[PDB]
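**Q** Counting from 1, one number per residue, gives the positions in the sequence shown under the deposited numbering.
Ideal Cβ positions, reconstructed from N, Cα and C, are used throughout, including at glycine.
My questions will all concern the structure given below.
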Amino acid sequence: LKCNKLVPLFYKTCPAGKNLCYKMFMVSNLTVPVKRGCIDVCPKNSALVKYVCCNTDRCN
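What follows is the structure, encoded as structure tokens:
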């Protein structure tokens, strides 16, 4: 249950209270992640900016 916030800040671990991790970014250089954190509801998306939510492993 360890995740990172954004990238240059990292997060460490945020178990209990939360439920999964999530990242949000848009077209930049070659499809890269921009922000990240652990929450519980992260559905929906858009078209130029995508925001997904991971469960565990490689992301909380």
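So within the stretch 2-49, which uninterrupted beta strand (DSSP E) runs reach at least 3 residues, ignoring any that extend past its ends?
**A** Listed in chain order, the complete beta strand (DSSP E) runs (minimum 3 residues) inside the stretch 2-49 are 20-26 and 35-39.
**Q** According to DSSP, which residues form a beta bridge with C54?
**A** Taking the sequence shown and counting its residues from 1, the one referred to as residue 54 is at position 54. Paired residues: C21.
**Q** Closest to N45 by C-alpha separation, out of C59, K35, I39 and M24, would be which residue?
**A** Within the sequence shown, the letter at position 45 stands for residue 45. That would be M24, whose Cα lies nearest to the Cα of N45.
**Q** Would you call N60 buried or exposed, if buried means 16 or more other Cβ atoms sit within 10 Å of its Cβ?
**A** As a position in the sequence shown, residue 60 is number 60, starting the count at 1. Buried, since its Cβ has 16 or more Cβ neighbours within 10 Å.
**Q** Any idea if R58 is buried or exposed, counting beta-carbon neighbours within 10 angstroms, 16 or more meaning buried?
**A** Sequence index remark: in the sequence shown, residue 58 carries index 58 (1-based). Under this definition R58 is an exposed residue.
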